[PDB]
Amino acid sequence: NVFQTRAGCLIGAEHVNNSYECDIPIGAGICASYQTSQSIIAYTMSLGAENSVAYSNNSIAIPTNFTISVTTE
Amino acid sequence: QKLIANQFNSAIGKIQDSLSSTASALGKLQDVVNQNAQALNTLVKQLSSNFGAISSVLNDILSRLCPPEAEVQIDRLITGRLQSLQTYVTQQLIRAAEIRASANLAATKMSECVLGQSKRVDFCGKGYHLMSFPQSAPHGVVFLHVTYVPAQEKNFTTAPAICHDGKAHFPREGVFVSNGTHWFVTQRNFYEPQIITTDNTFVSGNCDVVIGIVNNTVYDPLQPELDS
Amino acid sequence: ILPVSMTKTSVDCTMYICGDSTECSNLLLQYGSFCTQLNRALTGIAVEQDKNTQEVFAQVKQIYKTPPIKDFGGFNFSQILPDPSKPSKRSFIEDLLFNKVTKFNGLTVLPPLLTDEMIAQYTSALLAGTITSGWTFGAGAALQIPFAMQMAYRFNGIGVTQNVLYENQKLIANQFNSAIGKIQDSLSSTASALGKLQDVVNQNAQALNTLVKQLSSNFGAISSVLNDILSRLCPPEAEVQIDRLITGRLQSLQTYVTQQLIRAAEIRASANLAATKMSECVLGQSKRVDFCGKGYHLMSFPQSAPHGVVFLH
């Protein structure tokens, strides 16, 4: 419940070993969020899901189907 | 065409549901409203400040004091109220430059995404851009970027070239691929396998030059006519 | 080389102007919301530096990683791929770039949201997606393709027929490997190359040092030290002297915050450019002349640098 971040001492946030998308940005990789009896947790933010691309000198992936996406800017 | 139309109609339906449910989507336009409101509210509230004068209210100075001292108390207010305007106009000039950069971007997305088909990656949304539709919004614009996203990969064995009778054949469009036992040629962005032919391929030189070339027959459509 | 962000600052303008004097703090309240709108502007600048950094690097949706075997058709990416030897897994060129770039008074520096080790994971992911899957990881899933066949697509994209690649593949690979070697040699010698990033550090440092130096100015008061006025004078005259220090120190902050707002707009324009270079040069193959370097663009590799990005076009 008392945690030394590289941004400073954080108090009242539960330090957690999981990683999630950044909810509230604290700084230097740390974020906090409200989660499940609930508490404000603090965690190192996740950059994304990890992916080993199936590369080799003679393998290619080709899409057999598509999706039309509409995205709003 | 029915699949593509149904996927488009479904994706436009998801825009209605997203915008109907989720008011936080418009945050860029609502924040530009909030910044201008907060700036005018701050400019009004700074009238209540004394700036070292005997009162925040100009008519207290003009009712309590006569001109030899009243002008010193009024100049304290003029100094702070003019500094209050100069701060507001400076921050509105900087905020107007931020909005002009955003309007120049929106004018560029109108020309390139709506009036055209941009080749520029992620300029007109994620995926290969097909087209875009403009929709008006308070103090802004919304682009509904329609894009092709490739969706169901299969792995194939592939080759840069095919050896036929000592000649190296390359694809005119697309790539060579194998299901495991047969070789085909297909467009790069959608699996549509074709027989490898002298029409689907061009020759250049012999088999020795190319790293990873494979032996396969290349069909010549003239040969069965001359057999016939 | 492109600036992407700048040092995030917060200035506690009550501590800058009044130095923990309550006598001055009570006078500073008579200026109203000038101090809260200075903090509001600097906080907008500071949050934008994280947004500028996020929009350049966080374009890749997944942390793509290269396979163990580096069979890239003869092209050698080892100087631009992550170095496993290191506590932060920067590439060899990202280590060169990080080496070539180099206030109790309420002034403070806040950390960036993404650490250099997180920026290096994003440039690693962008680069590993680019090497293993071409432009396809920008349009959807990373579709793997052999690197020589990706380069043959890049050659068709500049109107050079793809057999010209396969018939010259060793020459093209050796010219690439040699040209990456010249980047290490240029960075291991030419300290002025990073000057566009170093100038952003220099301008921000020079503005903060100017803001500190203006505390030494009298602005017409009997002393520039607020504890001289408070230890020598008493309220009828002390408030006359302190209002000269408040006026000049508040004008000193309004000058600093105005010039940081104008400089933040310059860095944001450079981060929007760098984010567009990431999408169109790294996630794609730009047809735009001289956008992705001189010559017909084949591909680009991002490398992180202090407060910036470096594209190897």
# chains A, B, ... in the order shown; residues from 1 in each chain; ligands from 1
call {"tool": "interface_residues", "arguments": {"of": "chain C", "to": "chain B", "cutoff": "9 Å", "atoms": "only C-alpha atoms", "output": "PyMOL selection string"}}
result
chain C and resi 27-34+37+41+73+135-136+138-141+143-146+148-149+152+162-163+166-169+243+254+258+261-262+265+269+276+279-281+283-288
call {"tool": "residues_around", "arguments": {"residues": "residue 51 of chain A", "least_positions_apart": "4", "cutoff": "7 Å", "atoms": "only C-alpha atoms", "output": "VMD selection string"}}
result
chain C and resid 62 to 65
call {"tool": "write_last_selection", "arguments": {"atoms": "N, CA, C and O atoms", "output": "PDB file, in the first residue's frame"}}
result
ATOM      1  N   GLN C  62       0.597  -4.849 -31.330  1.00  0.00           N
ATOM      2  CA  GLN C  62       1.168  -6.010 -30.652  1.00  0.00           C
ATOM      3  C   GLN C  62       2.689  -5.932 -30.618  1.00  0.00           C
ATOM      4  O   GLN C  62       3.316  -5.389 -31.520  1.00  0.00           O
ATOM      5  N   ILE C  63       3.311  -6.499 -29.594  1.00  0.00           N
ATOM      6  CA  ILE C  63       4.763  -6.554 -29.485  1.00  0.00           C
ATOM      7  C   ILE C  63       5.267  -7.723 -30.320  1.00  0.00           C
ATOM      8  O   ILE C  63       5.492  -8.821 -29.820  1.00  0.00           O
ATOM      9  N   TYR C  64       5.387  -7.502 -31.626  1.00  0.00           N
ATOM     10  CA  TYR C  64       6.010  -8.446 -32.541  1.00  0.00           C
ATOM     11  C   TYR C  64       7.464  -8.683 -32.155  1.00  0.00           C
ATOM     12  O   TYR C  64       8.175  -7.744 -31.815  1.00  0.00           O
ATOM     13  N   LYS C  65       7.934  -9.924 -32.250  1.00  0.00           N
ATOM     14  CA  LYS C  65       9.336 -10.291 -32.015  1.00  0.00           C
ATOM     15  C   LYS C  65       9.881 -11.151 -33.147  1.00  0.00           C
ATOM     16  O   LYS C  65       9.160 -11.962 -33.723  1.00  0.00           O
TER      17      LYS C  65
END
call {"tool": "residues_around", "arguments": {"residues": "residue 53 of chain C", "least_positions_apart": "4", "cutoff": "9 Å", "atoms": "only C-alpha atoms", "output": "list in words"}}
result
residues 4, 5, 48, 49, 57, 58, 112, 113, 114, 119, 271, 275, 307 and 308 of chain C
call {"tool": "write_last_selection", "arguments": {"atoms": "C-alpha atoms", "output": "mmCIF file, in the first residue's frame"}}
result
data_model
loop_
_atom_site.group_PDB
_atom_site.id
_atom_site.type_symbol
_atom_site.label_atom_id
_atom_site.label_comp_id
_atom_site.auth_asym_id
_atom_site.auth_seq_id
_atom_site.Cartn_x
_atom_site.Cartn_y
_atom_site.Cartn_z
ATOM 1 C CA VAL C 4 9.019 13.869 -30.618
ATOM 2 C CA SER C 5 8.801 15.252 -27.072
ATOM 3 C CA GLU C 48 0.862 16.522 -24.524
ATOM 4 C CA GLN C 49 4.524 15.318 -24.372
ATOM 5 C CA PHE C 57 5.628 4.756 -31.102
ATOM 6 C CA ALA C 58 2.357 3.067 -29.990
ATOM 7 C CA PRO C 112 7.707 10.639 -19.243
ATOM 8 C CA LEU C 113 4.932 7.988 -19.177
ATOM 9 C CA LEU C 114 6.864 5.531 -21.385
ATOM 10 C CA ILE C 119 10.054 3.096 -26.243
ATOM 11 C CA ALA C 271 5.724 14.651 -33.421
ATOM 12 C CA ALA C 275 3.974 9.846 -36.391
ATOM 13 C CA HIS C 307 13.184 12.933 -26.791
ATOM 14 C CA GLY C 308 12.998 11.854 -30.469
#
call {"tool": "residues_around", "arguments": {"residues": "segment 2-16 of chain A", "least_positions_apart": "4", "cutoff": "10 Å", "atoms": "only C-alpha atoms", "output": "compact mmCIF listing (two decimals) with N, CA and C atoms, in the first residue's frame"}}
result
# COMPACT_ATOMS: atom_id res chain seq x y z
N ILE A 26 0.62 7.41 -14.07
CA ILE A 26 1.42 7.94 -12.95
C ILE A 26 2.80 8.42 -13.41
N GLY A 27 3.44 7.70 -14.33
CA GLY A 27 4.73 8.08 -14.90
C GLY A 27 5.78 6.98 -14.79
N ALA A 28 6.80 7.03 -15.64
CA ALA A 28 7.89 6.06 -15.68
C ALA A 28 7.44 4.60 -15.77
N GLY A 29 6.43 4.35 -16.60
CA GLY A 29 5.83 3.05 -16.88
C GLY A 29 4.69 2.67 -15.94
N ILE A 30 4.51 3.36 -14.82
CA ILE A 30 3.47 3.03 -13.85
C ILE A 30 2.15 3.70 -14.23
N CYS A 31 1.05 2.97 -14.07
CA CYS A 31 -0.31 3.47 -14.13
C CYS A 31 -1.11 2.93 -12.95
N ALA A 32 -2.23 3.57 -12.63
CA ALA A 32 -3.17 3.09 -11.63
C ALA A 32 -4.57 2.96 -12.21
N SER A 33 -5.37 2.07 -11.63
CA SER A 33 -6.75 1.82 -12.04
C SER A 33 -7.56 1.35 -10.84
N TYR A 34 -8.87 1.47 -10.88
CA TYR A 34 -9.76 0.99 -9.83
C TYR A 34 -10.31 -0.39 -10.20
N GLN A 35 -10.06 -1.40 -9.38
CA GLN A 35 -10.34 -2.82 -9.68
C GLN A 35 -10.80 -3.59 -8.44
N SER A 39 -10.28 -1.71 -4.85
CA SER A 39 -9.11 -0.91 -4.49
C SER A 39 -8.57 -0.17 -5.71
N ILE A 40 -7.80 0.89 -5.49
CA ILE A 40 -6.96 1.48 -6.54
C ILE A 40 -5.71 0.62 -6.62
N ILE A 41 -5.52 -0.11 -7.71
CA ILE A 41 -4.28 -0.84 -7.97
C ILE A 41 -3.29 0.03 -8.74
N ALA A 42 -2.00 -0.26 -8.62
CA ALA A 42 -0.94 0.33 -9.42
C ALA A 42 -0.09 -0.78 -10.04
N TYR A 43 0.29 -0.61 -11.30
CA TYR A 43 0.93 -1.64 -12.12
C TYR A 43 1.84 -1.00 -13.17
N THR A 44 2.81 -1.74 -13.70
CA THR A 44 3.54 -1.31 -14.91
C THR A 44 2.66 -1.54 -16.13
N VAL C 109 11.05 18.66 -12.84
CA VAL C 109 10.92 17.83 -14.04
C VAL C 109 10.15 16.57 -13.69
N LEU C 110 9.08 16.29 -14.44
CA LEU C 110 8.26 15.09 -14.30
C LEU C 110 8.79 14.00 -15.24
N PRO C 111 8.73 12.70 -14.90
CA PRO C 111 9.15 11.66 -15.82
C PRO C 111 8.15 11.49 -16.99
N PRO C 112 8.60 11.05 -18.17
CA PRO C 112 7.71 10.64 -19.24
C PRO C 112 6.91 9.40 -18.84
N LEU C 113 5.74 9.17 -19.45
CA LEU C 113 4.93 7.99 -19.18
C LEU C 113 5.63 6.71 -19.63
N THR C 115 8.95 4.82 -20.32
CA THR C 115 10.40 4.80 -20.10
C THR C 115 11.13 4.51 -21.40
call {"tool": "interface_residues", "arguments": {"of": "chain A", "to": "chain C", "cutoff": "12 Å", "atoms": "only C-alpha atoms", "output": "PyMOL selection string"}}
result
chain A and resi 5-8+21-31+44-64+66-69
call {"tool": "write_last_selection", "arguments": {"atoms": "C-alpha atoms", "output": "PDB file, in the first residue's frame"}}
result
ATOM      1  CA  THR A   5       7.622   4.580  -8.209  1.00  0.00           C
ATOM      2  CA  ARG A   6      10.281   6.360 -10.350  1.00  0.00           C
ATOM      3  CA  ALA A   7       7.765   9.285 -10.280  1.00  0.00           C
ATOM      4  CA  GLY A   8       7.798   9.403  -6.410  1.00  0.00           C
ATOM      5  CA  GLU A  21      -3.540  -1.021 -20.479  1.00  0.00           C
ATOM      6  CA  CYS A  22      -2.808   2.376 -18.875  1.00  0.00           C
ATOM      7  CA  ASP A  23      -5.927   3.703 -17.075  1.00  0.00           C
ATOM      8  CA  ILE A  24      -4.555   6.660 -14.990  1.00  0.00           C
ATOM      9  CA  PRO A  25      -0.916   7.526 -15.993  1.00  0.00           C
ATOM     10  CA  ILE A  26       1.416   7.942 -12.948  1.00  0.00           C
ATOM     11  CA  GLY A  27       4.728   8.080 -14.902  1.00  0.00           C
ATOM     12  CA  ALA A  28       7.894   6.064 -15.681  1.00  0.00           C
ATOM     13  CA  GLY A  29       5.832   3.051 -16.879  1.00  0.00           C
ATOM     14  CA  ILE A  30       3.467   3.032 -13.848  1.00  0.00           C
ATOM     15  CA  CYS A  31      -0.312   3.474 -14.133  1.00  0.00           C
ATOM     16  CA  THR A  44       3.539  -1.310 -14.907  1.00  0.00           C
ATOM     17  CA  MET A  45       1.486  -0.624 -18.083  1.00  0.00           C
ATOM     18  CA  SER A  46       1.231  -3.263 -20.845  1.00  0.00           C
ATOM     19  CA  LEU A  47       2.466  -2.113 -24.285  1.00  0.00           C
ATOM     20  CA  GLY A  48       0.363  -4.778 -26.107  1.00  0.00           C
ATOM     21  CA  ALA A  49      -0.096  -8.544 -26.567  1.00  0.00           C
ATOM     22  CA  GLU A  50       3.235 -10.260 -27.469  1.00  0.00           C
ATOM     23  CA  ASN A  51       3.569 -12.056 -30.860  1.00  0.00           C
ATOM     24  CA  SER A  52       6.292 -14.264 -32.433  1.00  0.00           C
ATOM     25  CA  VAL A  53       5.593 -13.866 -36.198  1.00  0.00           C
ATOM     26  CA  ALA A  54       5.840 -17.336 -37.860  1.00  0.00           C
ATOM     27  CA  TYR A  55       8.641 -16.220 -40.269  1.00  0.00           C
ATOM     28  CA  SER A  56      10.839 -18.573 -42.314  1.00  0.00           C
ATOM     29  CA  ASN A  57      12.738 -18.181 -45.627  1.00  0.00           C
ATOM     30  CA  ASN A  58       9.956 -20.049 -47.579  1.00  0.00           C
ATOM     31  CA  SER A  59       6.652 -19.527 -45.625  1.00  0.00           C
ATOM     32  CA  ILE A  60       4.068 -16.861 -46.589  1.00  0.00           C
ATOM     33  CA  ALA A  61       0.689 -16.085 -45.001  1.00  0.00           C
ATOM     34  CA  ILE A  62      -2.077 -15.070 -47.456  1.00  0.00           C
ATOM     35  CA  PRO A  63      -5.601 -14.011 -46.330  1.00  0.00           C
ATOM     36  CA  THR A  64      -8.393 -16.293 -47.640  1.00  0.00           C
ATOM     37  CA  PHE A  66     -11.507 -10.071 -45.661  1.00  0.00           C
ATOM     38  CA  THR A  67     -13.523  -7.756 -43.439  1.00  0.00           C
ATOM     39  CA  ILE A  68     -14.787  -4.308 -44.482  1.00  0.00           C
ATOM     40  CA  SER A  69     -14.095  -2.086 -41.445  1.00  0.00           C
TER      41      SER A  69
END
call {"tool": "select_by_dssp", "arguments": {"residues": "segment 238-299 of chain C", "states": "helix (DSSP H, G or I)", "output": "PyMOL selection string"}}
result
chain C and resi 238-282
call {"tool": "write_last_selection", "arguments": {"atoms": "C-alpha atoms", "output": "PDB file, in the first residue's frame"}}
result
ATOM      1  CA  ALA C 238       7.071  45.648   3.038  1.00  0.00           C
ATOM      2  CA  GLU C 239       3.914  45.101   0.902  1.00  0.00           C
ATOM      3  CA  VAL C 240       5.065  47.936  -1.462  1.00  0.00           C
ATOM      4  CA  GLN C 241       8.447  46.216  -1.974  1.00  0.00           C
ATOM      5  CA  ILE C 242       6.981  42.674  -2.234  1.00  0.00           C
ATOM      6  CA  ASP C 243       4.454  43.758  -4.912  1.00  0.00           C
ATOM      7  CA  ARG C 244       7.442  44.749  -7.162  1.00  0.00           C
ATOM      8  CA  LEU C 245       8.923  41.247  -6.709  1.00  0.00           C
ATOM      9  CA  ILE C 246       5.483  39.609  -7.283  1.00  0.00           C
ATOM     10  CA  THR C 247       4.930  41.710 -10.447  1.00  0.00           C
ATOM     11  CA  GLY C 248       8.371  40.910 -11.946  1.00  0.00           C
ATOM     12  CA  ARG C 249       8.412  37.195 -10.940  1.00  0.00           C
ATOM     13  CA  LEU C 250       4.833  36.709 -12.210  1.00  0.00           C
ATOM     14  CA  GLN C 251       5.805  38.434 -15.524  1.00  0.00           C
ATOM     15  CA  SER C 252       8.877  36.108 -15.582  1.00  0.00           C
ATOM     16  CA  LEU C 253       6.613  33.014 -15.338  1.00  0.00           C
ATOM     17  CA  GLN C 254       4.092  34.351 -17.894  1.00  0.00           C
ATOM     18  CA  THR C 255       7.059  34.827 -20.288  1.00  0.00           C
ATOM     19  CA  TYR C 256       8.339  31.263 -19.644  1.00  0.00           C
ATOM     20  CA  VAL C 257       4.897  29.556 -19.909  1.00  0.00           C
ATOM     21  CA  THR C 258       4.066  31.509 -23.105  1.00  0.00           C
ATOM     22  CA  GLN C 259       7.355  30.470 -24.753  1.00  0.00           C
ATOM     23  CA  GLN C 260       6.908  26.826 -23.588  1.00  0.00           C
ATOM     24  CA  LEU C 261       3.366  26.831 -25.114  1.00  0.00           C
ATOM     25  CA  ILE C 262       4.822  28.099 -28.443  1.00  0.00           C
ATOM     26  CA  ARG C 263       7.721  25.552 -28.226  1.00  0.00           C
ATOM     27  CA  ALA C 264       5.271  22.736 -27.357  1.00  0.00           C
ATOM     28  CA  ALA C 265       3.368  23.572 -30.587  1.00  0.00           C
ATOM     29  CA  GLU C 266       6.695  23.252 -32.514  1.00  0.00           C
ATOM     30  CA  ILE C 267       7.438  19.854 -30.876  1.00  0.00           C
ATOM     31  CA  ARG C 268       3.820  18.678 -31.504  1.00  0.00           C
ATOM     32  CA  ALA C 269       4.125  19.601 -35.205  1.00  0.00           C
ATOM     33  CA  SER C 270       7.406  17.586 -35.256  1.00  0.00           C
ATOM     34  CA  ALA C 271       5.724  14.651 -33.421  1.00  0.00           C
ATOM     35  CA  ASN C 272       2.778  14.715 -35.889  1.00  0.00           C
ATOM     36  CA  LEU C 273       5.375  14.617 -38.699  1.00  0.00           C
ATOM     37  CA  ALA C 274       7.262  11.742 -36.978  1.00  0.00           C
ATOM     38  CA  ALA C 275       3.974   9.846 -36.391  1.00  0.00           C
ATOM     39  CA  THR C 276       3.149  10.293 -40.111  1.00  0.00           C
ATOM     40  CA  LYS C 277       6.693   9.094 -41.056  1.00  0.00           C
ATOM     41  CA  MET C 278       6.126   6.063 -38.809  1.00  0.00           C
ATOM     42  CA  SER C 279       2.831   5.159 -40.525  1.00  0.00           C
ATOM     43  CA  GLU C 280       3.833   5.951 -44.122  1.00  0.00           C
ATOM     44  CA  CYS C 281       7.572   5.045 -44.134  1.00  0.00           C
ATOM     45  CA  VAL C 282       7.744   2.183 -41.535  1.00  0.00           C
TER      46      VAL C 282
END
call {"tool": "residues_around", "arguments": {"residues": "segment 9-24 of chain B", "least_positions_apart": "3", "cutoff": "12 Å", "atoms": "only C-alpha atoms", "output": "mmCIF file with N, CA and C atoms, in the first residue's frame"}}
result
data_model
loop_
_atom_site.group_PDB
_atom_site.id
_atom_site.type_symbol
_atom_site.label_atom_id
_atom_site.label_comp_id
_atom_site.auth_asym_id
_atom_site.auth_seq_id
_atom_site.Cartn_x
_atom_site.Cartn_y
_atom_site.Cartn_z
ATOM 1 N N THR A 67 -12.455 -8.486 -44.101
ATOM 2 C CA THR A 67 -13.523 -7.756 -43.439
ATOM 3 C C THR A 67 -13.486 -6.295 -43.861
ATOM 4 N N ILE A 68 -14.619 -5.745 -44.289
ATOM 5 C CA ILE A 68 -14.787 -4.308 -44.482
ATOM 6 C C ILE A 68 -14.961 -3.674 -43.109
ATOM 7 N N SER A 69 -14.044 -2.800 -42.716
ATOM 8 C CA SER A 69 -14.095 -2.086 -41.445
ATOM 9 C C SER A 69 -14.497 -0.640 -41.680
ATOM 10 N N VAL A 70 -15.362 -0.074 -40.844
ATOM 11 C CA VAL A 70 -15.628 1.368 -40.825
ATOM 12 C C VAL A 70 -15.137 1.908 -39.498
ATOM 13 N N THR A 71 -14.212 2.858 -39.544
ATOM 14 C CA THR A 71 -13.590 3.462 -38.362
ATOM 15 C C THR A 71 -13.841 4.954 -38.381
ATOM 16 N N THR A 72 -14.038 5.542 -37.214
ATOM 17 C CA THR A 72 -14.478 6.928 -37.085
ATOM 18 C C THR A 72 -13.308 7.771 -36.636
ATOM 19 N N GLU A 73 -12.955 8.789 -37.409
ATOM 20 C CA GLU A 73 -11.990 9.795 -36.991
ATOM 21 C C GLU A 73 -12.671 11.128 -36.760
ATOM 22 N N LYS B 2 -22.456 -9.243 -52.200
ATOM 23 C CA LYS B 2 -23.414 -9.308 -51.087
ATOM 24 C C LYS B 2 -22.714 -9.366 -49.735
ATOM 25 N N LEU B 3 -21.637 -10.137 -49.601
ATOM 26 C CA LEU B 3 -20.820 -10.161 -48.387
ATOM 27 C C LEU B 3 -20.233 -8.783 -48.082
ATOM 28 N N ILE B 4 -19.629 -8.122 -49.062
ATOM 29 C CA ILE B 4 -18.991 -6.812 -48.894
ATOM 30 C C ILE B 4 -20.029 -5.766 -48.496
ATOM 31 N N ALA B 5 -21.183 -5.748 -49.159
ATOM 32 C CA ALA B 5 -22.289 -4.873 -48.814
ATOM 33 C C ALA B 5 -22.824 -5.149 -47.405
ATOM 34 N N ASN B 6 -23.030 -6.410 -47.017
ATOM 35 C CA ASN B 6 -23.482 -6.770 -45.673
ATOM 36 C C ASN B 6 -22.474 -6.379 -44.592
ATOM 37 N N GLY B 27 -14.657 13.231 -27.618
ATOM 38 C CA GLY B 27 -13.829 13.940 -26.643
ATOM 39 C C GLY B 27 -12.965 15.056 -27.219
ATOM 40 N N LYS B 28 -12.471 14.938 -28.454
ATOM 41 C CA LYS B 28 -11.696 16.001 -29.123
ATOM 42 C C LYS B 28 -12.490 17.284 -29.357
ATOM 43 N N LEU B 29 -13.764 17.181 -29.723
ATOM 44 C CA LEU B 29 -14.641 18.328 -29.969
ATOM 45 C C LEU B 29 -15.167 18.894 -28.657
ATOM 46 N N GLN B 30 -15.596 18.038 -27.728
ATOM 47 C CA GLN B 30 -16.027 18.493 -26.411
ATOM 48 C C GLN B 30 -14.879 19.159 -25.650
ATOM 49 N N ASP B 31 -13.636 18.703 -25.774
ATOM 50 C CA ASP B 31 -12.506 19.365 -25.127
ATOM 51 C C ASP B 31 -12.201 20.741 -25.717
ATOM 52 N N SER B 132 -13.953 7.153 -47.857
ATOM 53 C CA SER B 132 -14.365 7.797 -46.617
ATOM 54 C C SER B 132 -15.554 8.695 -46.843
ATOM 55 N N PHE B 133 -16.361 8.869 -45.806
ATOM 56 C CA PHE B 133 -17.552 9.705 -45.836
ATOM 57 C C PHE B 133 -17.457 10.794 -44.774
ATOM 58 N N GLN B 135 -18.998 13.500 -42.148
ATOM 59 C CA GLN B 135 -20.172 13.831 -41.362
ATOM 60 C C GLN B 135 -19.824 15.070 -40.557
ATOM 61 N N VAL B 142 -16.240 14.643 -38.788
ATOM 62 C CA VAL B 142 -16.062 13.227 -38.541
ATOM 63 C C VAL B 142 -15.909 12.528 -39.873
ATOM 64 N N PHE B 143 -14.866 11.736 -40.051
ATOM 65 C CA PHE B 143 -14.694 10.907 -41.232
ATOM 66 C C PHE B 143 -14.999 9.469 -40.868
ATOM 67 N N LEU B 144 -15.898 8.835 -41.604
ATOM 68 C CA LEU B 144 -16.158 7.409 -41.513
ATOM 69 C C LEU B 144 -15.285 6.719 -42.548
ATOM 70 N N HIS B 145 -14.093 6.305 -42.146
ATOM 71 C CA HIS B 145 -13.096 5.682 -43.004
ATOM 72 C C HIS B 145 -13.433 4.223 -43.241
ATOM 73 N N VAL B 146 -13.714 3.844 -44.477
ATOM 74 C CA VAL B 146 -14.037 2.478 -44.883
ATOM 75 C C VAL B 146 -12.772 1.837 -45.419
ATOM 76 N N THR B 147 -12.383 0.693 -44.880
ATOM 77 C CA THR B 147 -11.104 0.057 -45.172
ATOM 78 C C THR B 147 -11.267 -1.440 -45.331
ATOM 79 N N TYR B 148 -10.492 -2.036 -46.223
ATOM 80 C CA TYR B 148 -10.350 -3.476 -46.341
ATOM 81 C C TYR B 148 -9.346 -3.942 -45.299
#
call {"tool": "select_by_dssp", "arguments": {"residues": "chain A", "states": "strand (DSSP E)", "output": "count of residues only"}}
result
42
call {"tool": "atom_distance", "arguments": {"atom1": "atom CA of residue 201 of chain C", "atom2": "atom CA of residue 35 of chain B"}}
result
28.8 Å
call {"tool": "decode", "arguments": {"residues": "segment 210-221 of chain B", "atoms": "N, CA and C atoms", "output": "CSV table (one decimal), in the first residue's frame"}}
result
chain,number,residue,atom,x,y,z
B,210,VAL,N,19.1,-17.3,-59.0
B,210,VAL,CA,18.0,-16.9,-58.0
B,210,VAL,C,18.2,-17.9,-56.8
B,211,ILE,N,18.3,-17.3,-55.6
B,211,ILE,CA,18.4,-18.0,-54.3
B,211,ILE,C,17.0,-18.5,-53.9
B,212,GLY,N,16.8,-19.8,-53.8
B,212,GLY,CA,15.5,-20.4,-53.4
B,212,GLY,C,14.5,-20.6,-54.5
B,213,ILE,N,14.9,-20.6,-55.7
B,213,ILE,CA,14.1,-21.0,-56.9
B,213,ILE,C,13.7,-22.5,-56.8
B,214,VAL,N,12.5,-22.9,-57.3
B,214,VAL,CA,12.0,-24.3,-57.2
B,214,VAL,C,11.6,-24.8,-58.6
B,215,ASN,N,11.8,-26.1,-58.8
B,215,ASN,CA,11.4,-26.7,-60.1
B,215,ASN,C,9.9,-27.0,-60.1
B,216,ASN,N,9.2,-26.5,-61.1
B,216,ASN,CA,7.8,-26.8,-61.4
B,216,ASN,C,7.4,-26.6,-62.8
B,217,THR,N,6.5,-27.4,-63.4
B,217,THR,CA,6.1,-27.1,-64.8
B,217,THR,C,5.3,-25.8,-64.9
B,218,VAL,N,5.6,-25.0,-66.0
B,218,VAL,CA,4.8,-23.8,-66.3
B,218,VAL,C,4.0,-24.1,-67.5
B,219,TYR,N,2.7,-24.0,-67.4
B,219,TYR,CA,1.7,-24.4,-68.5
B,219,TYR,C,1.7,-23.3,-69.6
B,220,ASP,N,1.9,-23.7,-70.9
B,220,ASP,CA,1.7,-22.8,-72.0
B,220,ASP,C,0.4,-23.0,-72.7
B,221,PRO,N,-0.6,-22.1,-72.7
B,221,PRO,CA,-1.9,-22.3,-73.3
B,221,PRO,C,-1.9,-22.5,-74.8
